[PDB]
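Residue numbering for the sequence shown follows the working numbering, beginning at 1 and increasing consecutively. Note that CB positions come from ideal geometry on N, CA and C, so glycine has one too.
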Amino acid sequence: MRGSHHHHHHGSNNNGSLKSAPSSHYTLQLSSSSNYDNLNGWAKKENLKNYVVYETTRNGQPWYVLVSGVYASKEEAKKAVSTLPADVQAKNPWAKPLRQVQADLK
Numbered sequence: 001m002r003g004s005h006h007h008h009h010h011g012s013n014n015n016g017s018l019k020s021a022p023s024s025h026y027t028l029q030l031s032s033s034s035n036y037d038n039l040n041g042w043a044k045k046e047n048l049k050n051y052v053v054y055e056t057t058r059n060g061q062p063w064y065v066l067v068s069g070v071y072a073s074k075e076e077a078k079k080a081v082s083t084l085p086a087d088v089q090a091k092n093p094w095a096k097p098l099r100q101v102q103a104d105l106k
């Protein structure tokens, strides 16, 4: 409502826990939104097979993103899209390097 500006609280680096994970792995996105209850509807609607709802980060605004396992690299990731239907492809699955979500994980 009034003010809205969170001061620094990260921008770290020295941890070594970074390279301690396979970044070569990628993970696209089926869709996006800002409501768990409402989401449950879609996720259940399209009948997303093999998936797990969890919390994460997305533009200083937590959201329940859905992803299917993990694609070896970006080579199979691109094609992976074709497999997905229109409804999912209509959301233009913007590439999301698994190295990103590394934020919540630590």
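Taking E76 as the centre and dropping the five residues before and after it, the same chain places no C-beta closer than 6 Å to its C-beta.
For the set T56, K79, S68, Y64, the Cα lying nearest the Cα of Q100 is the one of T56.
In this structure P93 is buried. Its beta-carbon is surrounded by 16 or more other beta-carbon atoms within 10 angstroms. For a cut-off of 8 Å, the C-beta gap from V67 to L30 is around 7 Å, short enough to register as a contact. Here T83 carries a helix assignment [DSSP, helix/strand/coil]. Rounded to the nearest whole angstrom, the CA to CA distance from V65 to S32 is 6 Å.
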